[PDB]
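Asker: First, the structure itself, so that you have it in front of you.
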Amino acid sequence: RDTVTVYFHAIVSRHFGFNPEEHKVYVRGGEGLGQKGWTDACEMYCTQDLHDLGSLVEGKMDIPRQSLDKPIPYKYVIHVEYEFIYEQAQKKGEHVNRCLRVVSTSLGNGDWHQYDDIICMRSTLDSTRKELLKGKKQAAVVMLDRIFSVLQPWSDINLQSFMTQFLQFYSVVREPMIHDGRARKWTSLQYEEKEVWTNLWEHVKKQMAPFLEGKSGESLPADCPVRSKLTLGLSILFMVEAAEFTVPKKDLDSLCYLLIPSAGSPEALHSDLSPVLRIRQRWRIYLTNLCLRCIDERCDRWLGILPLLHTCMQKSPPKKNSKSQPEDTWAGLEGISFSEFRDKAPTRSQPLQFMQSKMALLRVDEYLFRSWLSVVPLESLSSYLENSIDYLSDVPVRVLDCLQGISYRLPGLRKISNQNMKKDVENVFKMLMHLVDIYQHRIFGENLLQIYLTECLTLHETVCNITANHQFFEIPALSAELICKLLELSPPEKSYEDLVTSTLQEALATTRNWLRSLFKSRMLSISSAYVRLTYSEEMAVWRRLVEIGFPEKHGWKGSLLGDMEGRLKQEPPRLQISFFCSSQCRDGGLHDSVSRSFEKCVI
Amino acid sequence: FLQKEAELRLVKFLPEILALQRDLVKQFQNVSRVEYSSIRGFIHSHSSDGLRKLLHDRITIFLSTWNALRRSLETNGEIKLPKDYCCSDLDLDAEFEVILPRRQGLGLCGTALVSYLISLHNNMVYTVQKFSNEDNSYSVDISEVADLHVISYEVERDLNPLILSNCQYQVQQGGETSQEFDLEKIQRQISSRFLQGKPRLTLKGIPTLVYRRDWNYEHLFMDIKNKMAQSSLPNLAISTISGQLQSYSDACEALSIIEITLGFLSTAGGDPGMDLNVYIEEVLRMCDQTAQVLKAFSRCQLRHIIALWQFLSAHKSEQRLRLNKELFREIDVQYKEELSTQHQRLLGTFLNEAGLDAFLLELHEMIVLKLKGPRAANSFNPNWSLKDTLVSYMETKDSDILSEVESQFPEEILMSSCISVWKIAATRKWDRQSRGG
Amino acid sequence: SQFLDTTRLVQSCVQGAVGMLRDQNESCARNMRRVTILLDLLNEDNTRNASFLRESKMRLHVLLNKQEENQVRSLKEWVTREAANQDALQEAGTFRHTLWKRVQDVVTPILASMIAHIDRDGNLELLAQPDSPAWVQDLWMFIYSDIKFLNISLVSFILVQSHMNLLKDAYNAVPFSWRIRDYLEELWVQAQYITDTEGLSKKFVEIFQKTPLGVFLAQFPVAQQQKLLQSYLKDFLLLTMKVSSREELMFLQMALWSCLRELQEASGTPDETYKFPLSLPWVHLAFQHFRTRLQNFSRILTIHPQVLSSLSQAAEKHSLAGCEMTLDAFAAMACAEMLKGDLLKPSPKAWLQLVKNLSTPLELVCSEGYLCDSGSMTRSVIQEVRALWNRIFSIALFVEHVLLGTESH
Amino acid sequence: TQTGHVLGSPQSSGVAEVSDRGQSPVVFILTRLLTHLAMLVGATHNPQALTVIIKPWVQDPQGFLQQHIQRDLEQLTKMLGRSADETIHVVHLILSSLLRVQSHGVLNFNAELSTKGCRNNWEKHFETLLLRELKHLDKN
């Protein structure tokens, strides 16, 4: 309890001529180590041979807790040859020796790891400094490799040991420290943390490379310390996040490729990997800042990070739209501003191809489809619905989430003036009816019809109030067709009759309010002795809103006809007689109800 | 102690399940607002991993203790429950409502468990007190119970050594090994650590949620009658009131005002004096609506409020009679049956000698308080008479004229037609009041 | 907007809202008090009242916005729907009267639920109480000016529940007691789950300062901060443990303050977590580290009501609770002294019942497991009370063995 | 009330089946063991009648009663500070001792156990005989 375990790691250089069989190494330091000053305190054991670099050596000891946050002088000796530090002492007669400062807050699991660079023998300035810098670079690389290897096997304890070891590693390396009378930074090296992490990134890129070529499992290099692509991605995430240092934009295509859940389609693998990532708080901030840093004008592979984030929260909410919260929570993002990317110039055609390349990813969870719904551009949303025919055939329930998504995105979009999104809207609605009627009526099964009806009527109400130009009447027209076809598909208690009555009343009320709303004027104004409608293509509008087949026990034939007969009766009889056969009220529609009403009003 | 040691071992976790109940009560202080099907969805519906694991271990312990104690609840607890609760071994993926401590439907799991635990603790401490102490006053509620107040022990770690130290070996010169259990030392050892100094638990601070919507209005009437010496309305006073509320919307506004003031007065105090005017204007500070209703209430005090309410209610209904308006629109149609010729003939025979003013009032009160439509034949099936139910309802709190409705009332009133009698009586009163002058 | 006088609507409907509120039939029913205090605080004369009205307006707006979303718009278009309800028309005079009646009946239950959720124990009285320190109204507004922190649900006679078994006009000194309690509890749960029990205090305090409430209270000066702290210990003590007195509440107050200071003396000299020692989380920390001790102290306060008399002289003749906590030790000392004082005055059997009732708490307090570490003076105190406890226990055994036998046989 | 053989699966971590309202634990245990073995003997001829008698199960009286008897025997060997062989010896002595109780004092009780009063009288006489025979096993 009163002792802290410090693990010393070092490298003996090849110039020492060190032999583990014949020569022994020790750590000799002042009284801060817990033993007698400058005595053999920790025996230092060789572990691996680094060829030209030398020999990697590891050991451990227990220092008193009173030594925490204090400078402890120490040096490496070989059995006796003391290590030589190529630094001039500030005070004459003083020995420049390594400084151990164990950070109490950075202990983590309770064990500190002191990483010491290559041990250099005194050669019995600029060139020597460069060679020492190269040796320290290689030492940092190999200890980073060892910290990589600590991550295996993939366990929570290994992950915590990894993060603590990396934190201590960065703390030691970024600020080379020495002790000659008093602890001081090794400024003569000029090894700023900038160059430190430049070398670290250059080392990291060689571990990045094999997975980019498709290597995985056995095909990976045998010296690769990390075997699972997701594990390597999480590792580089942890290293770059704990240092908060910039990433080249070319390296995003690699780091976001690592986090893709390759070979992890079943949810069983993700559930079994969840215990390695039990902490559900720091990982959220980590992934959100990762995606927000990747929101730059590359924004390609980041769609693969959604399932990984989306595999560790609650299950999919079945609640209706407009009840819980806007799309941020329903899609599960809460941290990405897709509103600016959905409403802008679609110069990035990559996401569509990415999604087309990753059908399998759509089966790894249930938040991915809804998240993709709120991020895809609207003009390409018809293709998005087309590409999910197989997914909807596997489970004929995701159409509810499609309705939630459209009823989410539609009210946000501004009023209508163009022809492009006219094509967008008709295409997406026709794909919607297509994917609705093809499969079955099992969509309404398991007593799910009520929320579907509510979603449809809310879509009707929220789409009526975006059209005020009498030419886009086709949007409410197919909306009414959609409600009509979903009314007749459910299997035949009185609850269904009450629900259908209420839904059809709300539908016809919304249509009626819309027709009154966009027609805030007169009609068939003459102004030329050549009477024509102020809404010239209005009649056909009516023509498409009446043929839709609804149950005759309801209205739509006593209510809407009354609306027309109220509309026409204000106009003077002479004017309507003149307009009656003005070669524009053509198309006797084989007993068309609206033409017949025109006849009745005229007589 | 050895009779009930098995269940005494599980009283140590009573604070845990109680705290779970407090949390669920506070977090679901509503009615019919639950959507979670299984406990698994409810626990996984929390982003806080620490809170998730807290709920996990708490619910695992709750399930284990419920499964361990679901045998004596159907036979030994003072609350009666159906056998459908303990017949199956509940799991984590079970229904969610079971963990909610209700008192009527499917919620008796936690309530029965905690009540059985407190009952056995109370019985043990009561027996100990009546054995040696014979007197005590230490007692605590269930609102601040701690692990220090409950009885907890581990058999392998604490209970086994204390009794194994009390196995005495005796040897005789001839050679023998006899085993003796001296009762005094073991009794003092066991009593002085576990079952002495403990408080006497009471069932006051129980975590329980409200299931019944207190809208029957009868508790309000009882509270008004118990808090204040309520008095009847003087004839000149009620005559003036009926004079000043001849309109309909005036009656509706008076109804609204008096319902609000009665809701305030039932759950609070009020002086029998302090006339209704000053009570209205400055006691609860609402703005002036119409001078007519204030001038009507001017000559009334608090000591008449409920009576005023009933009369006012009748007036509203009576008004609906004169304008041929459908007078209930809320009650069951099973009571909207027309009396026969003989039935109305005997009804008129009663009306010819009767104090109609109070009788119609009380009968209208009965309909408007109990005959609400659905769920009305439980104690008022449309097959009894009226004199029996009238006397039963009036002997509780009324000492008004009674003998007319048990010595002259029709004996075959056909409760099925109960609106018709009051409607015909109201028509008779209206004709008497209007056609004379 | 100007389309309807919202202030007039609420001033009219507060009576309807509070009329159906009910306490637990005995917990200081304040219905007339509630409406009076509301109308006192529902005007526009004061800028504080104007801010309250604005916040109530936005809260009612957002609550109703979330409310109507389940409607089928058959009630969203409320005017025509009411008009078709002809009986509602003939009961409510004219047409505009009927519209006003419909609006007020829509609004009354929502405002009643708002009062129930806000006035859990008397939070409204703080604003109306004059000479209220600035921190009172500042914190009340700040907690009342958020959505996620104070989320309000909706739903007959709704219920408002008490949380501390309030005495006559308790009016919890903190603007909000239960909400802060639960918020800090869940913050502690998260901090203790994520991090081990080594930097528990540091992680808890840093996640306390991370919340907007912490950065809000950081702007409070030292005097208001410490008064808020003392009120916080008071309300937490009243909520957690119910006392049937006033002086014992102050004794518990000083005990908890001493425990907090002792906890703030455990570390040698960090100067990173001790730079804000006058902070809320320490309170919880104190309990989480001394709960058993406090519980036992509570027991020794609940088991004997007259011991407070000796406590009445404690600070007068000890000047205790300076750095560490000693009140349980002094309670044990006082109990031992009252034992050794008379030994026969009330009754030998009444004495025996008294000593046997307090036998086991006095055994618990005199345990090395109880006192894990403290000052050497406290250790000497526990040793001497161990000696006196053993003496009085021997006397109790002696009397129960001889006097009972010689008086019954 | 709740007549029949309403019991859960013996592999339950519930209560140890403490004695009822008015029986000594050892006598109650012996009486329930004898009733269980009697139900086994009856079921070995016509399992359908017992299937009608016992409410919960519908599959097999034999296996469920076997598990019941196993739990009974292990709790008996946990009951007497003897060996399991010695528990078997004790139960054999108890069983053979009620054969030599020809003394007839068992009147005024129904021979069909159709009423609760007669059931309680049967339990009373069973308790009397069980105590008379268990106060004679230490020296035998």
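Chain identifiers are assigned as A, B, and so on, following the order in which chains appear in the structure tokens; residues are numbered from 1 within each chain, and ligands are numbered from 1 in order of appearance.
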For the contact check between chain D and chain B, emit one row per residue of chain D within 10 Å, containing the shortest atom pair and the distance in Å rounded to one decimal, counting only C-alpha atoms, chain then rising number order, as JSON lines.
Answerer:
{"residue": "D:1", "atom": "CA", "partner": "B:75", "partner_atom": "CA", "distance": 9.3}
{"residue": "D:2", "atom": "CA", "partner": "B:75", "partner_atom": "CA", "distance": 9.7}
{"residue": "D:6", "atom": "CA", "partner": "B:87", "partner_atom": "CA", "distance": 9.6}
{"residue": "D:7", "atom": "CA", "partner": "B:87", "partner_atom": "CA", "distance": 9.0}
{"residue": "D:8", "atom": "CA", "partner": "B:87", "partner_atom": "CA", "distance": 7.3}
{"residue": "D:9", "atom": "CA", "partner": "B:88", "partner_atom": "CA", "distance": 9.8}
{"residue": "D:12", "atom": "CA", "partner": "B:68", "partner_atom": "CA", "distance": 7.8}
{"residue": "D:13", "atom": "CA", "partner": "B:68", "partner_atom": "CA", "distance": 5.7}
{"residue": "D:14", "atom": "CA", "partner": "B:68", "partner_atom": "CA", "distance": 3.7}
{"residue": "D:15", "atom": "CA", "partner": "B:68", "partner_atom": "CA", "distance": 6.1}
{"residue": "D:16", "atom": "CA", "partner": "B:6", "partner_atom": "CA", "distance": 7.2}
{"residue": "D:17", "atom": "CA", "partner": "B:71", "partner_atom": "CA", "distance": 8.7}
{"residue": "D:18", "atom": "CA", "partner": "B:3", "partner_atom": "CA", "distance": 7.4}
{"residue": "D:19", "atom": "CA", "partner": "B:3", "partner_atom": "CA", "distance": 8.4}
{"residue": "D:20", "atom": "CA", "partner": "B:75", "partner_atom": "CA", "distance": 10.0}
{"residue": "D:21", "atom": "CA", "partner": "B:76", "partner_atom": "CA", "distance": 9.5}
{"residue": "D:25", "atom": "CA", "partner": "B:3", "partner_atom": "CA", "distance": 8.8}
{"residue": "D:56", "atom": "CA", "partner": "B:87", "partner_atom": "CA", "distance": 8.6}
Asker: As a PyMOL selection string, list the residues of stretch 416-478 of chain A assigned to helix (DSSP H, G or I) by DSSP on the backbone atoms of this structure.
Answerer: chain A and resi 420-437+442-444+449-464+474-478
Asker: Compile the contact shell of stretch 73-75 of chain C as a PyMOL selection string: residues with an atom at most 9 Å away, counting only C-alpha atoms, same-chain residues fewer than 6 positions apart removed.
Answerer: (chain A and resi 461+502+505-506+509-510) or (chain C and resi 81-82)
Asker: Skip residue D:128 itself and residues of its chain fewer than 6 positions away, then list as a ChimeraX atom specification all residues within 12 Å of it, counting only C-alpha atoms.
Answerer: /D:23-24,27-28,31,98,101,105-106,121-122,134-135
Asker: What are the residues of chain A that have an atom within 7 Å of an atom of chain B, counting only C-alpha atoms, as a PyMOL selection string?
Answerer: chain A and resi 279-280+313-314
Asker: Write the residues of the selection above to a file with N, CA and C atoms, as a PDB file, in the first residue's frame.
Answerer:
ATOM      1  N   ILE A 279     -17.103   1.542 -20.587  1.00  0.00           N
ATOM      2  CA  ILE A 279     -17.295   2.954 -20.270  1.00  0.00           C
ATOM      3  C   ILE A 279     -18.017   3.630 -21.427  1.00  0.00           C
ATOM      4  N   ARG A 280     -19.237   4.100 -21.164  1.00  0.00           N
ATOM      5  CA  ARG A 280     -20.112   4.669 -22.182  1.00  0.00           C
ATOM      6  C   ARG A 280     -20.146   6.191 -22.136  1.00  0.00           C
ATOM      7  N   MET A 313     -25.825   1.971 -27.056  1.00  0.00           N
ATOM      8  CA  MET A 313     -26.843   2.742 -26.342  1.00  0.00           C
ATOM      9  C   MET A 313     -28.105   1.889 -26.257  1.00  0.00           C
ATOM     10  N   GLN A 314     -29.230   2.520 -25.919  1.00  0.00           N
ATOM     11  CA  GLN A 314     -30.472   1.775 -25.775  1.00  0.00           C
ATOM     12  C   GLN A 314     -30.987   1.324 -27.142  1.00  0.00           C
TER      13      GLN A 314
END
Asker: For chain C, report every residue with an atom at most 8 Å from chain B (counting only C-alpha atoms), formatted as a count of residues only.
Answerer: 43
Asker: Using only C-alpha atoms, which chain A residues lie at most 12 Å away from chain C, written as a PyMOL selection string?
Answerer: chain A and resi 66+68-69+104-110+160+277-283+319-326+450-451+453-462+499+501-510+513
Asker: Expressed in Å to a single decimal, how great is the separation between atom CA of residue A:164 and atom CA of residue A:7?
Answerer: 12.5 Å
Asker: Can you list every residue in stretch 85-204 of chain B that DSSP puts in strand (DSSP E or B), as an MDAnalysis selection string?
Answerer: chainID B and resid 95 139:140 168:170 178:180 200:201
